[PDB]
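Here is the structure we will look at.
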Amino acid sequence: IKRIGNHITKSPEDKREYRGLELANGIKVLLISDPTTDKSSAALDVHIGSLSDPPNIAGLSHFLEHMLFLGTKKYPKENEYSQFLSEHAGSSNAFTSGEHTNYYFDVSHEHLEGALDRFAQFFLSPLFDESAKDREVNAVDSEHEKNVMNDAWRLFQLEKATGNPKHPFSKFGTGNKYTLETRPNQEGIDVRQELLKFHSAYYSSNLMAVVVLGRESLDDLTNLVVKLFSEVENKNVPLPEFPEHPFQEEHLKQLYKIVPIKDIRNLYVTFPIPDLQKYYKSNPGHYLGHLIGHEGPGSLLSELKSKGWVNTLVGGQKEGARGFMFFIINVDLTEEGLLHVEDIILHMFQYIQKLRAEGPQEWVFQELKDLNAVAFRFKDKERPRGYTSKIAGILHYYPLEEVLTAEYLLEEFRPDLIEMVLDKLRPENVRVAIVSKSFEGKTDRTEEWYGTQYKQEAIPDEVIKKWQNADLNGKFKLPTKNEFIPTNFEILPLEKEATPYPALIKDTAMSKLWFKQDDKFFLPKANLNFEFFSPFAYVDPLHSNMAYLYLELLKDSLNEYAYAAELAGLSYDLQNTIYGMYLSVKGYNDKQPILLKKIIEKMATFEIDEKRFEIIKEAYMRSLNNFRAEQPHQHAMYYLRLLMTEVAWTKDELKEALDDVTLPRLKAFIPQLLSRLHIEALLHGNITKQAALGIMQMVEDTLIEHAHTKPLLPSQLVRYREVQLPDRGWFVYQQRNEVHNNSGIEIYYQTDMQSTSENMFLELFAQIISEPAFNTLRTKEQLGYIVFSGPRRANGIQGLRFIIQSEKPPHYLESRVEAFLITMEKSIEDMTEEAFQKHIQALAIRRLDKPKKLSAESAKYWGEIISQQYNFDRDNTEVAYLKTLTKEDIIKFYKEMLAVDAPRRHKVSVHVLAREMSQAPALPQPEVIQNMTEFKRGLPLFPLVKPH
Amino acid sequence: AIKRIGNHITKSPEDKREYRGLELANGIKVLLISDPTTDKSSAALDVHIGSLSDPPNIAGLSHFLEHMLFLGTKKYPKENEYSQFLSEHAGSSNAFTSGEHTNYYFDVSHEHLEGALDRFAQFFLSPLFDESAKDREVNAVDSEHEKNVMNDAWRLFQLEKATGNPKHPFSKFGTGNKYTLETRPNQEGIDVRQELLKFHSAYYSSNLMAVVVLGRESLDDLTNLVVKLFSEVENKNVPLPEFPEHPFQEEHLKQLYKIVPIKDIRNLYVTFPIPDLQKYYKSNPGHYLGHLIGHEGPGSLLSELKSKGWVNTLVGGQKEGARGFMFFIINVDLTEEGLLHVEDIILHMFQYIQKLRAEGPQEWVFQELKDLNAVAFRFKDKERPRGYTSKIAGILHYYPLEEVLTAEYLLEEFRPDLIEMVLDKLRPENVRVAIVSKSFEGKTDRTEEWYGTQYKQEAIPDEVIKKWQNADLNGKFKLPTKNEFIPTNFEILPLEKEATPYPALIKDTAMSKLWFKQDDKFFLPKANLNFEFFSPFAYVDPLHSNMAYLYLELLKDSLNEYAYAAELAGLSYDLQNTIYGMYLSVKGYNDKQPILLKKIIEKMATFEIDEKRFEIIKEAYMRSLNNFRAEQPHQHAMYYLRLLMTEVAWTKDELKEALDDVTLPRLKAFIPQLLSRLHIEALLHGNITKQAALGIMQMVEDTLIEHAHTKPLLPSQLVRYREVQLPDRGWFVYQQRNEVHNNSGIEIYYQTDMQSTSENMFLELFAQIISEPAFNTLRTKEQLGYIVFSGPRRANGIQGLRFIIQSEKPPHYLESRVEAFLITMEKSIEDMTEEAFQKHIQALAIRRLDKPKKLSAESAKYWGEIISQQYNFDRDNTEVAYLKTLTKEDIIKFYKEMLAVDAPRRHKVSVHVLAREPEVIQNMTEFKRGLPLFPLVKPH
Amino acid sequence: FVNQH
Amino acid sequence: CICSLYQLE
């Protein structure tokens with residue numbers, strides 16, 4: 001009741017009333033009211049990172065958030081928070097950064113109290129026990145154990161490592177069961193007392209901020225949050241910070257050489273800079289990021305493309321902890337790009353000096369500020385979970401008025417700070433890091449935490465005083481005036497024939513359309529998507545392999561053009577699919593024709609630059625064979641899909657048939673793919689119907705004019721089918737993951753086709769076991785960190801599956817899955833009526849749920865139009881059937897389909913095992929699959945779903 | 001008249017049938033055939049009596065006598081008694097009439113030698129000529145001439161006989177119509193019977209008989225069986241018919257004729273009259289000219305006539321005539337503009353003749369033709385037991401008793417002077433021309449006497465003549481290159497340790513698959529090889545299927561001119577297509593098939609296209625496609641039903657439009673892409689070894705990689721199409737209306753199941769028990785139609801039962817009466833005794849069990865099974881061993897659930913074809929959308 | 001390609 | 001948010 005805000009800045013598009021305030025204990029509290037919300041939510045953000053761990057025990061903050069979910073004193077039950085949040089269509093999640101820790105959930109329509117009080121008790125008083133600390137370090141072990149081979153983490157921790165080892169930046173965030181449990185009891189240090197001291201010392205102070213997205217009012221719930229978080233008492237803890245940047249000059253001007261596990265090649269150029277979060281109005285780091293990492297005519301990337309060294313580069317500044325900041329230029333390399341690294345970084349300082357001779361620019365600032373203002377003014381709607389965590393995550397830095405207008409509105413252009421940050425980029429401030437797999441036997445030093453190998457080649461002063469000596473220019477230039485900036489912001493009015501669902505308007509043997517004027521959102525922007533078909537796209541590996549090469553070289557030769565469209569707010573995307581290729585252009589309403597047209601005319605009338613083809617061929621050949629270095633459960637989900645379809649070729653087939661694709665072969669292939677084809681598309685958003693027909697008209701007329709496209713026969717508009725397992729079966733086949741020391745498994749129960757009365761059986765049964773599966777297979781039995789069980793839907797045919805990876809041998813896992821099945825049905829027949837209607841209500845709220853963003857319903861319409869079902873109302877009638885279901889019905893679904901004695905039992909299993917590898921029921925004999933194609937030769941195939 | 005003169009006769013040692021030639025003192029040539037291994041015995045008698053020696057007033061008298069000599073002998077004067085003895089014991093007699101022969105022949109069931117000979121010898125003792133024979137056989141002559149009305153052969157032959165000297169007996173009529181037999185004699189009061197006995201008594205009995213007996217008795221039983229009952233023949237010493245003059249005596253040489261045919265055909269007929277060369281059978285120059293004219297090789301005559309696009313095919317050579325004279329004919333086909341360049345064509349024929357007049361006779365050609373017909377005589381295959389005897393009795397008149405088997409199949413000496421003589425006979429003073437063409441309407445007044453066709457004299461003017469003789473030069477015509485592949489290695493190879501009775505898989509790779517079988521049962525110097533080339537790109541799009549078609553078509557059109565001379569040596573082949581890939585068959589001797597197959601692979605790897613040739617083949621297949629509007633509606637039903645039941649099927653409508661888009665560069669791109677990457681499969685069968693079999697297949701895949709860089713296929717894309725699955729209750733139907741044929745077909749399919757070993761005999765046995773009664777009731781009693789068929793279907797591993805009926809009815813009426821017929825057999829099952837049952841399974845048993853009769857037959861059965869991926873080599877024996885252990889209730893229990901009307905497993909679907917005047921099925925794709933697909937069969 | 005985006 | 005989470009998302 002200390003501070004109340006009067007009115008804050010909101011976009012005139014929003015409707016959500018806001019209020020900011022501050023409590024007696026100094027918590028910055030933000031209140032959001034919404035009359036038309038449907039899932040309320042809340043979050044909190046304690047400003048304590050993993051950079052405040054004690055030196056003996058490493059990774060307490062992460063172990064603490066990981067242990068806080070389990071157990072309080074006002075709710076001694078182990079799962080009452082998770083169980084109550086999952087009975088009400090909600091989900092809770094949390095994480096720790098290096099500087100702070102976010103806690104956030106969401107909940108159903110009005111159940112704020114019964115879940116907010118559970119989230120509040122979270123911090124008033126937690127109670128731990130032997131059990132939790134005893135079976136949680138196994139989950140933190142799986143956490144580290146999935147990232148010891150994870151290539152996004154080894155460089156992160158190796159940059160954390162080779163710095164100032166007396167500095168708090170050189171700290172470990174995770175803990176690997178050895179420093180957490182085994183080291184402190186190696187020397188008798190207790191852990192529970194350390195956890196209660198950590199929590200009572202750090203977390204309880206002013207530091208944390210809260211936010212709640214309420215339904216009721218902006219005065220009904222302000223008096224709610226003043227009586228519910230008032231207990232946490234300010235201990236006057238100042239924010240931990242440290243003015244000394246971790247890079248001291250002894251370890252500057254140095255060039256490491258790191259050896260990866262998966263085959264990649266990269267060059268990181270690291271500069272240290274002081275803190276510029278205090279300067280959040282001029283934002284000099286975004287200026288130099290806009291001027292360095294910019295594709296287009298005559299810029300840093302396009303020249304490195306032109307010399308054949310570099311595929312892409314990312315500029316901008318990395319932000320680390322508080323009181324210090326970084327600045328990174330990270331590049332990847334071609335085969336002979338790794339020979340000329342000194343010349344690459346020489347060109348980088350060439351472009352820097354070309355930007356230092358001319359310095360600041362007024363019109364670039366005005367352009368960027370106009371772009372952020374227009375991008376703020378039509379800011380789309382937010383999903384209420386994740387949004388409140390974001391605006392609680394930046395609430396520590398900014399005052400109450402501009403909590404929303406953060407990095408969107410800019411007041412002044414001050415060239416002095418541009419010049420300041422542009423002076424700190426000097427080759428006395430460099431730290432080069434090279435990643436290449438060619439250094440296998442050359443590395444002396446190794447990492448202790450993760451076990452990676454690297455070097456010290458400190459750069460002698462030859463090449464430093466070759467870098468800053470004489471830097472005039474290459475063929476660089478500044479970017480030119482933008483023409484994709486939008487000018488039309490007019491909402492077109494609703495016409496006479498206004499429909500709630502997209503209607504078929506054109507139906508010819510060449511194309512079809514699906515059109516709907518936007519009725520809800522009124523944003524001057526629309527999304528257009530297309531799916532071109534060809535029977536030649538997946539005939540054999542060679543023709544399934546040329547498709548990715550052609551499409552990729554199209555994206556290569558057109559990014560140079562269309563980066564200004566992706567920068568102004570018009571994004572396109574063109575990738576291949578199994579049946580044919582695909583296209584999706586979304587964004588502001590004004591410049592779709594220009595962009596789409598240019599995409600088509602670059603698509604049909606397409607030449608090949610030979611060196612570009614020869615680069616992309618190798619960059620894909622090195623992207624097939626490094627599929628073997630990847631997670632076990634992803635290999636399970638890869639193998640299961642290949643076996644359960646009519647035709648598909650492995651990653652071992654396609655990389656053998658890349659020894660044949662050549663330029664003349666590919667060059668006659670493009671007229672073969674675009675010779676006869678068929679188009680299917682939806683148009684969505686704010687467009688009139690005559691302009692919709694004009695869009696498809698220009699599209700198919702350009703393909704007529706340049707490609708001589710003819711329509712396909714309707715008997716070769718076909719899909720693929722799914723293998724039908726025998727009425728009683730136990731299919732399993734094992735493969736061996738080569739580089740991960742874990743095992744993994746996926747088991748598949750296939751029921752039937754897409755019906756309106758049989759999707760709700762499997763959906764409800766996958767909702768009744770969603771929490772107990774997590775609760776008894778990850779928490780209680782501690783089988784690993786990756787546990788998931790839900791509906792899998794391919795080709796219409798629905799099946800319930802289980803993805804799980806662990807240290808244990810996999811048939812042990814499949815047996816204890818069966819134990820979970822038995823315990824589940826025993827818990828189903830015992831459960832009461834009221835909880836059963838609660839589960840039905842949780843599914844009727846989760847599924848009967850309106851999409852907020854316009855792309856969230858265009859991806860709801862398109863995802864079924866590409867499945868040829870065309871059923872737009874399956875969210876209403878299906879859930880109207882869900883309300884009339886009985887308790888015995890689920891047992892009738894269960895007994896003959898999922899049970900062990902069932903007559904109708906379809907089950908196939910994929911075992912991925914490792915490099916060197918409570919009552920269980922009785923399993924029948926398996927039959928092993930030693931060959932996929934001889935397997936798929938003797939089984940029938942399901943029929944396809946008839947359209948609506 | 002028992003006179004005997006004979007001795008040992010040289011017969012090629014492959015044959016085991018014992019023979020004997022002799023001659024009886026009343027002038028009767030007698031041959032005796034003894035094969036105690038023949039099923040049906042036969043006999044034949046040839047009279048060398050000239051039709052030329054017939055009364056001028058009454059025509060075709062020996063023809064009317066050989067009709068009248070049938071009925072009535074003195075030992076059995078009853079009417080049908082000869083005919084009844086041949087109606088009981090399956091016999092059939094038939095004689096013809098030529099300028100010098102009438103040739104009776106017949107057969108008998110097993111032993112009825114005594115019987116038929118008692119009804120056959122005493123024709124010479126007592127011919128009867130009664131009321132009823134007369135009055136029925138005169139109608140038999142009138143119906144024989146009436147059926148030879150539309151017979152174009154007799155008509156053109158009579159037109160060749162009659163437009164010479166009208167006094168010469170070459171201009172007589174062979175058959176005789178109703179006007180000369182019973183119209184002029186009865187109005188002149190002359191008795192036909194009195195004339196018949198003159199002809200029969202005076203002429204027949206004298207000499208020149210050619211009796212022969214296909215018997216199975218002994219070397220003596222049949223000897224004193226026929227020599228005893230042929231002594232009533234009494235000599236008269238009738239003079240042999242002969243001519244010292246040619247019937248074309250300069251009135252009609254260098255003359256044209258314009259012939260009007262009923263059927264729309266066009267032909268060109270060049271005739272040279274030539275003297276007798278029957279005595280010169282040692283060299284046979286007339287067949288030597290027929291060999292050198294109709295050769296089709298590098299620089300051949302038809303090669304240039306094709307290269308100019310006027311002439312489809314030709315045939316030429318020596319045509320026998322009467323004893324005195326012979327003819328030398330050339331009969332050529334016509335294109336549209338071939339009818340305009342006739343003299344040019346003929347000028348090129350003379351040019352060729354002149355090239356032979358330049359290089360003279362040839363000797364190595366004579367030695368090569370001598371070895372090829374010597375081998376072709378050595379390894380003959382068989383002979384029908386009826387007709388053979390009438391043939392060798394036809395030439396028994398003209399040849400000594402040692403030459404009746406080595407008839408023309410051996411050549412002693414070389415006679416080049418005769419070849420200069422006949423080259424002097426082939427000149428334009430001598431030519432006689434006739435042209436057949438439909439466009440000759442209203443222009444020919446001079447009508448034929450018997451048939452009534454019309455022609456014109458229209459003498460050739462002299463400028464066309466003089467251009468032929470003095471202007472004679474050579475173009476692109478060269479003597480045929482020697483096709484010598486050294487055919488001397490005819491040895492048989494003995495069976496080795498690999499004594500399997502069924503083909504073993506001697507090679508499997510990811511590239512090919514090779515099965516092997518040396519010949520145990522036949523032991524012939526022959527070999528057969530079959531090859532399938534599987535590839536995905538064949539049936540992907542209507543355009544790819546058309547391109548594969550055109551590829552094999554032009555491959556054959558390219559290779560035919562080279563291949564035909566090797567086919568003349570006894571090595572035949574075929575290139576055909578599959579829905580899956582390409583089909584290659586090579587059958588013939590073992591000595592030189594490797595070089596031929598090698599050159600076939602080298603040929604279709606490196607392949608070229610000619611333009612106008614490609615255009616003619618293109619138009620040709622476009623015509624063959626839009627013809628399908630004009631075919632039989634039962635074929636329409638079989639075409640539509642198969643299209644509905646399989647996975648993918650390109651309709652002829654889609655193929656029609658797609659064919660137009662095909663171009664030459666596009667095909668030239670398609671060929672190496674198809675041949676790029678493929679799989680092989682082969683069945684090697686004959687007198688060969690395993691190591692040489694491996695070496696030939698090695699050769700084959702090595703030539704494929706050497707030419708077009710063949711790579712193996714992936715073992716996930718050797719997929720085979722599946723079959724649509726019926727929803728267990730469905731009776732589906734739709735209709736298709738024919739336009740042209742005013743006939744309504746209907747096909748009623750019933751799906752049982754995949755082929756398990758039980759299901760083959762459930763369906764086969766039930767199919768055969770409904771086979772013969774369907775023949776009894778459907779055509780005869782219900783009078784549904786004329787094209788009515790029933791039975792199994794073996795396709796894509798799925799059994800089926802069908803009823804194809806085309807007639808002119810409403811089709812639903814016909815389905816309803818089919819179901820009434822199904823009820824008739826359903827109740828006719830349960831009233832079946834044990835005897836019908838047992839005769840039915842024994843009928844099926846002997847139907848299934850049978851040894852082969854040629855190496856190609858068993859090889860075709862093994863190949864027909866390897867292409868189906870079953871590999872069950874003894875399914876015959878295993879299925880038969882299962883087959884005798886079935887019951888009546890087993891087929892009751894098979895019948896009801898799958899086939900009945902109240903059936904739980906009834907999978908029924910029909911196709912209605914209408915004439916020019918459940919649920920419906922609008923789109924066959926939307927039909928096939930929701931039906932599942934069957935698994936395939938595990939290969940054994 | 002700015003690092004933030 | 002390379003940040004560890006309580007539950008896989």
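Please note that chains go A, B, ... in the order of the structure tokens, that every chain numbers its residues from 1, and that ligands are numbered from 1 in the order shown.
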
Give one line per residue of chain A that approaches chain B to at most 6 Å, naming the two atoms of the closest pair and their distance in Å to one decimal, counting only C-alpha atoms; sort by chain then ascending residue number and deliver it as CSV.
residue,atom,partner,partner_atom,distance
A:715,CA,B:925,CA,5.8
A:933,CA,B:716,CA,5.6
A:937,CA,B:936,CA,5.9
A:938,CA,B:935,CA,4.6
A:939,CA,B:935,CA,4.8
A:940,CA,B:935,CA,4.8
A:941,CA,B:933,CA,5.2
A:942,CA,B:932,CA,5.1
A:943,CA,B:930,CA,4.4
A:944,CA,B:930,CA,5.1

Next, write the just-selected residues to a file, as a PDB file, in the first residue's frame, keeping N, CA, C and O atoms as the atom set.
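What follows is the written file out-v8.pdb:
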ATOM      1  N   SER A 715      -6.745 -39.087 -60.233  1.00  0.00           N
ATOM      2  CA  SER A 715      -6.398 -40.390 -59.691  1.00  0.00           C
ATOM      3  C   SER A 715      -4.965 -40.451 -59.191  1.00  0.00           C
ATOM      4  O   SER A 715      -4.556 -41.485 -58.649  1.00  0.00           O
ATOM      5  N   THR A 933      11.196 -53.607 -44.475  1.00  0.00           N
ATOM      6  CA  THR A 933      10.380 -53.763 -45.672  1.00  0.00           C
ATOM      7  C   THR A 933       9.756 -55.146 -45.761  1.00  0.00           C
ATOM      8  O   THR A 933       8.624 -55.281 -46.235  1.00  0.00           O
ATOM      9  N   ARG A 937       5.565 -55.832 -45.789  1.00  0.00           N
ATOM     10  CA  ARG A 937       5.043 -56.540 -46.946  1.00  0.00           C
ATOM     11  C   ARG A 937       3.891 -57.460 -46.589  1.00  0.00           C
ATOM     12  O   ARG A 937       3.018 -57.707 -47.426  1.00  0.00           O
ATOM     13  N   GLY A 938       3.853 -57.946 -45.353  1.00  0.00           N
ATOM     14  CA  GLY A 938       2.826 -58.880 -44.960  1.00  0.00           C
ATOM     15  C   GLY A 938       1.703 -58.384 -44.083  1.00  0.00           C
ATOM     16  O   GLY A 938       1.095 -59.182 -43.372  1.00  0.00           O
ATOM     17  N   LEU A 939       1.420 -57.087 -44.099  1.00  0.00           N
ATOM     18  CA  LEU A 939       0.401 -56.540 -43.220  1.00  0.00           C
ATOM     19  C   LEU A 939      -0.547 -55.658 -44.013  1.00  0.00           C
ATOM     20  O   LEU A 939      -0.115 -54.927 -44.907  1.00  0.00           O
ATOM     21  N   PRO A 940      -1.828 -55.659 -43.680  1.00  0.00           N
ATOM     22  CA  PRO A 940      -2.782 -54.866 -44.449  1.00  0.00           C
ATOM     23  C   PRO A 940      -2.595 -53.393 -44.141  1.00  0.00           C
ATOM     24  O   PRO A 940      -1.850 -53.009 -43.242  1.00  0.00           O
ATOM     25  N   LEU A 941      -3.267 -52.559 -44.923  1.00  0.00           N
ATOM     26  CA  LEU A 941      -3.195 -51.115 -44.774  1.00  0.00           C
ATOM     27  C   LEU A 941      -4.557 -50.497 -44.518  1.00  0.00           C
ATOM     28  O   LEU A 941      -5.553 -50.899 -45.115  1.00  0.00           O
ATOM     29  N   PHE A 942      -4.593 -49.523 -43.615  1.00  0.00           N
ATOM     30  CA  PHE A 942      -5.856 -48.924 -43.237  1.00  0.00           C
ATOM     31  C   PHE A 942      -6.413 -48.089 -44.382  1.00  0.00           C
ATOM     32  O   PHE A 942      -5.670 -47.619 -45.242  1.00  0.00           O
ATOM     33  N   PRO A 943      -7.722 -47.927 -44.433  1.00  0.00           N
ATOM     34  CA  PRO A 943      -8.323 -47.000 -45.384  1.00  0.00           C
ATOM     35  C   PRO A 943      -8.138 -45.559 -44.950  1.00  0.00           C
ATOM     36  O   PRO A 943      -7.873 -45.265 -43.787  1.00  0.00           O
ATOM     37  N   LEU A 944      -8.236 -44.654 -45.917  1.00  0.00           N
ATOM     38  CA  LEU A 944      -8.093 -43.246 -45.590  1.00  0.00           C
ATOM     39  C   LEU A 944      -9.432 -42.680 -45.125  1.00  0.00           C
ATOM     40  O   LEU A 944     -10.500 -43.244 -45.373  1.00  0.00           O
TER      41      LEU A 944
END

Assign secondary structure with DSSP using the backbone only, and return the residues of range 704-851 of chain A in helix (DSSP H, G or I) as JSON, numbers by chain. {"A": [704, 705, 706, 707, 714, 715, 716, 759, 760, 761, 762, 763, 764, 765, 766, 767, 768, 770, 771, 772, 773, 774, 775, 776, 777, 778, 779, 780, 810, 811, 812, 813, 814, 815, 816, 817, 818, 819, 820, 821, 822, 823, 824, 825, 826, 827, 828, 829, 830, 833, 834, 835, 836, 837, 838, 839, 840, 841, 842, 843, 844, 845, 846, 847]}

I'd like the neighbourhood of range 636-642 of chain B as number ranges by chain, where a residue qualifies if any of its atoms comes within 10 Å (using only C-alpha atoms), though same-chain residues fewer than 2 positions away should be ignored. B: 628-634, 644-647, 649, 651-652, 723, 735-738, 744-749, 795, 804-806, 909-913

Apply DSSP to the structure's backbone, then extract all residues of range 544-709 of chain B labelled strand (DSSP E) and return them as a list in words.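 Those in range 544-709 of chain B that DSSP calls strand (DSSP E) are residues 572, 573, 574, 575, 576, 577, 581, 582, 583, 584, 585, 586, 587, 588, 589, 679, 680, 681, 682, 683, 684, 685 and 686 of chain B.
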
Using only C-alpha atoms, I'd like every residue of chain A that has an atom within 8 Å of chain D; please write them out as a PDB file with C-alpha atoms, in the first residue's frame.
ATOM      1  CA  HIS A  62      18.343 -25.008  -9.426  1.00  0.00           C
ATOM      2  CA  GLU A  65      13.432 -24.557  -7.452  1.00  0.00           C
ATOM      3  CA  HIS A  66      13.455 -28.263  -8.279  1.00  0.00           C
ATOM      4  CA  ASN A  93       6.527 -24.712 -14.762  1.00  0.00           C
ATOM      5  CA  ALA A  94       9.621 -22.893 -13.578  1.00  0.00           C
ATOM      6  CA  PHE A  95      13.279 -22.276 -14.320  1.00  0.00           C
ATOM      7  CA  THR A  96      16.477 -20.692 -13.023  1.00  0.00           C
ATOM      8  CA  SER A  97      18.649 -18.249 -14.941  1.00  0.00           C
ATOM      9  CA  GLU A 143      19.348 -33.131 -16.272  1.00  0.00           C
ATOM     10  CA  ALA A 152      24.330 -26.161 -27.150  1.00  0.00           C
ATOM     11  CA  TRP A 153      25.829 -26.502 -23.625  1.00  0.00           C
ATOM     12  CA  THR A 174      23.274 -27.688 -12.740  1.00  0.00           C
ATOM     13  CA  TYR A 785      13.840 -36.715 -16.936  1.00  0.00           C
ATOM     14  CA  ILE A 786      12.011 -37.349 -20.229  1.00  0.00           C
TER      15      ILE A 786
END

I'd like the neighbourhood of residue 240 in chain B as a list in words, where a residue qualifies if any of its atoms comes within 10 Å (using only C-alpha atoms), though same-chain residues fewer than 4 positions away should be ignored. residues 48, 49, 50, 53, 100, 207, 208 and 323 of chain B

Include C-alpha atoms and write out the residues we just selected as a PDB file, in the first residue's frame.
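Heads up, here's the output in part-v9.pdb:
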ATOM      1  CA  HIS B  48      -3.402 -89.255-107.896  1.00  0.00           C
ATOM      2  CA  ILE B  49      -6.367 -88.842-110.266  1.00  0.00           C
ATOM      3  CA  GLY B  50      -6.348 -85.562-112.218  1.00  0.00           C
ATOM      4  CA  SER B  53      -9.381 -85.621-116.564  1.00  0.00           C
ATOM      5  CA  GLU B 100      -4.153 -84.235-109.476  1.00  0.00           C
ATOM      6  CA  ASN B 207      -2.717 -97.419-110.229  1.00  0.00           C
ATOM      7  CA  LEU B 208      -1.079 -94.655-108.216  1.00  0.00           C
ATOM      8  CA  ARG B 323       2.974 -81.901-113.201  1.00  0.00           C
TER       9      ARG B 323
END

Find the residues in chain A near chain C: any atom within 6 Å counts, using only C-alpha atoms. Write them as an MDAnalysis selection string. chainID A and resid 289 293:294 314:316

Residue subset to file, keeping C-alpha atoms, as an mmCIF file, in the first residue's frame:
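Result file is out-v3.cif:
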data_model
loop_
_atom_site.group_PDB
_atom_site.id
_atom_site.type_symbol
_atom_site.label_atom_id
_atom_site.label_comp_id
_atom_site.auth_asym_id
_atom_site.auth_seq_id
_atom_site.Cartn_x
_atom_site.Cartn_y
_atom_site.Cartn_z
ATOM 1 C CA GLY A 289 23.559 -4.939 -34.129
ATOM 2 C CA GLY A 293 24.253 -8.374 -38.752
ATOM 3 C CA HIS A 294 22.419 -7.186 -41.852
ATOM 4 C CA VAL A 314 24.578 -13.421 -36.499
ATOM 5 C CA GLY A 315 25.594 -10.034 -34.997
ATOM 6 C CA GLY A 316 24.200 -8.197 -31.933
#

List the spatial neighbours of range 352-359 of chain A as number ranges by chain - criterion: any atom at most 8 Å away, only C-alpha atoms, same-chain residues fewer than 6 positions off excluded. A: 292, 418-419, 422, 471-473, 476

Find the residues around residue 406 in chain B up to 9 Å (only C-alpha atoms counted), leave out those fewer than 2 positions away in its own chain, and share them as a PyMOL selection string. chain B and resi 10-11+377+402-404+408-410

Would you list the contacts of residue 106 in chain B as a PyMOL selection string, taking every protein, DNA or RNA residue within 12 Å and counting only C-alpha atoms, but skipping same-chain residues closer than 2 positions in sequence? chain B and resi 40-46+70+82-83+85-86+89-95+103-104+108-109+112-113+116-117+119-120+211-214+385-390
